[PDB]
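Next up: a single chain in C-alpha cells, the form deposited in one PDB entry.
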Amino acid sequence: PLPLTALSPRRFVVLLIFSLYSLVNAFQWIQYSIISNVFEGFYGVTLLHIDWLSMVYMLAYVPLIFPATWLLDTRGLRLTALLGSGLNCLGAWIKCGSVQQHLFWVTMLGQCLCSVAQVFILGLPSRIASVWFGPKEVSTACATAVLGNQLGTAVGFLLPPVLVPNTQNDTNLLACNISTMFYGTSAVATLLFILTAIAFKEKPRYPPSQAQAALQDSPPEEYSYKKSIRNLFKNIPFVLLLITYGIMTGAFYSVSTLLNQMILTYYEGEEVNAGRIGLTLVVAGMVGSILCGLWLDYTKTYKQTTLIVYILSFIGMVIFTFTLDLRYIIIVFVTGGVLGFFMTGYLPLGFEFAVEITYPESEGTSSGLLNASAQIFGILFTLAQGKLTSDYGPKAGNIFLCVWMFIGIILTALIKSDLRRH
C-alpha cells in the first residue's frame, strides 16, 4: 500500500478504442477471401491471388513480431497503438483507390499495410489490460480486447457477401459495391485512428494495480530475444506444443481463407450462406474458448484437456470433410459450428500450456514464437489446401487438414509433462 493506486475512467475508453480498430483490422483480413470468387472475377486474377491477400497477414507477422515486441517494450503503448491504427487506416485508404479491374496491386499494397498493422495491434491486449486496469479487471479487459479481433473476423465473414453480391455481368455495380465497402472501412479506420491519437495515452497518472506500480517503478532491463528463443527451443515439450498450436491455427486460417471455394464448389449462389457459416464458426469458437477455459479450470490438467480437445477438433474436422458434399446447407452450418467451437477452444488452452511450460522464459518470446508458428502453418496449409481443392476438389484438401490434425494429436500425446494450474 506504499504507492498510490487509482482507477481512471479513461481505461474503458482505451479498451474500447483498441477493441474497435483491432476489430477493423480483423475484418480487413477476411474481407477478400469470403467473396474470393467475386474479386477473382473483378480483377481477372486466380484464386491464388485472393488467397495471398489473406496470407500476407501471416507472412508479415513472422519477420516483424520480435522487432515489434522490442519497439513496444522500449517506446511504450502509445507509439504501438498509433502505428497500428495509422497503418490500418492507410491500408484502407489505399484499398479505396484500388477499385478497378487493373488495380489489383493497389489492393495488395493496402492489404500489406494492414498486415504490418496487425503486428503492432495483436500484442497490445495484455499490456493494455495490465497498464490501465486493476487486478480484478485485467482478465475482463484482455478478454474484451481479444473478443474485439474475433468479432472483427466474424463481421468480415458475414458482411462482404451481403455488401457485394456476385454481379459479374455488370462491372459498374460490382465496382460501386466494392467502393462502398472500402469507403466504409476507410471511414471507420480514420475515425478510430483519430480517436487513438486524441485519447490513447501512454498510461494513467496513477498505476491501476500494485503490481503495475512495481513494474513501472522497476528500472528497464534489457532482454536478449535470441538467447530466449535458443533456450525455448531446448525445451522439447515446448517445441511439440509449438508445432501442435501452429498446426491447429494454420488449419483454422486455411479453412477461413478457402471457405468460399469449398462452399461454392457444391453450392452455387450461396456467398451469403458461406459468410453466415463463417460467422457461426467464429461465434462457436468464442463459446468453445470460454467453455474450454472453464473445463481446464475445473479439471486443472493441461495435458489431458489439451489432448481431448485436439481429438474432438479432429473428429469435427473429419465430420465437416465428409459432410460438406451432402448438399444440405444446414449440415454445413452445424459442422462448421462444431469445428470452430473445438478449434478455437484449443487455442487458448495450448497457448496457456506453452506459456506455463516455458517458465521462467519471457512470455513475450513464447507468444511471438507461437504466433509465428501459427502464421507459417497457416501459409503452408492455405497453399496446399488451395492447390488440392483446385486440382482434386475440396475433399482432398480437407483430408490433408485431417491428416495434419491427426499428426498434431500424435505430437500432443508425445508431450511429457504433469503441469497443473497454480
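Just count from 1 along the sequence shown to find any residue number. Rigid core (definition): largest C-alpha set, two forms, superposition within 1.5 Å.
Unshown form deposited in another entry; subsequent notes refer to it.
| Core-fitted Cα difference of 2 Å or more between this form and the one not shown, single residue among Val146, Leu240, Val155, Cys292 | With the rigid core superposed, the residue that stands out is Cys292.
**Prompt:** On a core-based superposition, does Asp170 travel 2 Å or more at its Cα between this form and the one not shown?
**Reply:** False for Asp170: its C-alpha shift is below 2 Å.
Does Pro220 move its CA by 2 angstroms or more between this form and the one not shown when the core is aligned? Shift of 2 Å or more: yes.
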